[PDB]
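Below you'll find only one chain, the form deposited in one PDB entry, shown as structure tokens.
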């Protein structure tokens, strides 16, 4: 049933939903021609002033009976109003501009490590009100890459949530431009939080740093009693002032000028995925554009965002079931987690996939776990297997809009269809080297190139890298191979990076195989791997906890996995060479913490390579190396052993048989051996015994391994 209808029905029943319906008078004021970014924000936030804007889990400070005070979360959320959000943002800008010994002025850089929360959001806004350039850093970046980014940007202020404070300190000690360290998501009364700050200031004192440390609490309490800074900020370049850098990947900073940041705030990104009330959960760091799109789309539509309680997603279902969102934004790995929930719940009940009992599990997901108020849903940032899409769609009972886009280009398509605006022109470029051409069947393929109104001005302090991503006609080269399936309708194949050429000249799209194989019930996470010297694929598989218990982590989980991936291969119409033949089994999941997952939740190929690459190569190497060691052992001992043993071992080794299935009565034909492999075998035998053995003596169904051993001995 239609969206207008489902909304109308919700807003009759649900006063919370009714109060969150967008107000057009506010949107017209905030979006009018000429208004600078900071003024656009001020208009949304004052215009919706009384409404609930943001929500965090309520808590109480408990004592252990250790004695220590700690924050104990409650099954309840608490809201900060749009007006309260605006005040505290202004209190931050005011205190930062007016500081007595280390003030900050428009144009200066601020860097931040944090998750996503009320404080982080209010610091983002403070930055725009001050005209700062903000550089939000990846929560799982190593300290080395944090220092490298702090080097390029030279920030004057460094902000960090309590839990990243230690890595912030390390980075600030290596970064002479940093004058202040601000500490946020800080809770007065919590002993962990107080001792983190005291450790930060001892560490800085001990190294003799003059870097000042303050919590955001205190910054705001000071700012509150100060006059507001004047809008818009006195930057150098109006709408082209550099407002944000988003780091992408080696890390490059994509420049977001004020006019492109403004698109998050009620501009072109609301097309990315009637007057719908926006109530959303946010699980995505502000380090990544997906965090922003939800967060600012909802701020700018007068809705409410509910922040997930813990960085590590361990409170996911509880928060969704309390917050009961109207809009869902997913990424594949989140849909996979949902699918993994359904599937382990399916084992535990002992029900099959098509059944009423399984449909109740879905119903539970839809009504309880996800809150039962879902009106729309979208996904993006990585490719979704069609099976998973249909699963999510059946659970939610809405269409899952697919949005393709990038940090660089902004939103590019929505359910295959170019989003115009901002896209003005496009084309496909052939990629001969990866075997992709506009003449291909059944569809034209190649690299998508675009001209778009939201294209980045460039990468920060990287003019050469900036020139690499445009072709001679000024089209942006997405790096992404696509398939045109109808006029101006595209489907994603893969990044150019992710396409591998196997040694027999077949081309694989690696990220597409991971999406496909991620709906194996045995698979928790998968990374597929290739080498151009090899004719088959490997994979790094984290099996599910259930698979581990049932099969272990040795040959039996590999063999089970194999069957499972074969079955997807056949069902999806993939080739035999697209199925991995062996595995590295990992019992410890890829995480953001580990460096294997990005802040968006994507599996990072080069981080898999750096960790597992050696073990994977050694696994490619060992197959032929064992066989070669055996052939050499047999060559070396043959002038002193029963000719029949030689014949058997040679046959076993060459074809891939266990000694068990090599009987002296077996036919070379039985053990997998065509007449091409019989010539290799004849040559081997000729080399060690000095006697001629025709390929007739091996392939003839008259003969068997005694027959062969017989022939040789008669000479």
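Superpose the two forms; the largest set of C-alphas matching within 1.5 Å is the rigid core. Shifts are known only where both forms have a C-alpha. Residue numbers count along the first chain shown, from 1.
One more form of this protein exists, namely the form deposited in another entry; it is left out here, but the text below deals with it.
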(message) Quick check on the comparison between this form and the one not shown: with the core aligned, only one of 498, 139, 407, 466 should show a Cα shift of at least 2 Å. Which one is it?
(response) 498
(request) Using a rigid core alignment, state whether the CA of residue 691 is displaced by 2 Å or more between this form and the one not shown. (result) yes
(message) When the rigid core is used for the superposition, does residue 682 move between this form and the one not shown (threshold: C-alpha shift of 2 Å or more)?
(response) yes
(message) So that I can tell if residue 595 moves, could you say whether its C-alpha shifts by at least 2 Å between this form and the one not shown after the core superposition?
(response) yes
(request) Might you say whether the CA atoms of residue 477 and residue 505 end up closer or farther apart in the other form than in this form? Their distance differs by 3 Å or more. (result) closer
(message) in the other form, the Cα separation between residue 581 and residue 333 changes by 3 Å or more relative to the shown form; did it shrink or grow?
(response) closer
(message) Residue runs between this form and the one not shown with every C-alpha shifted 2 Å or more, at least 3 long, rigid core fitted, in sequence order please.
(response) 497-636, 639-657, 662-715
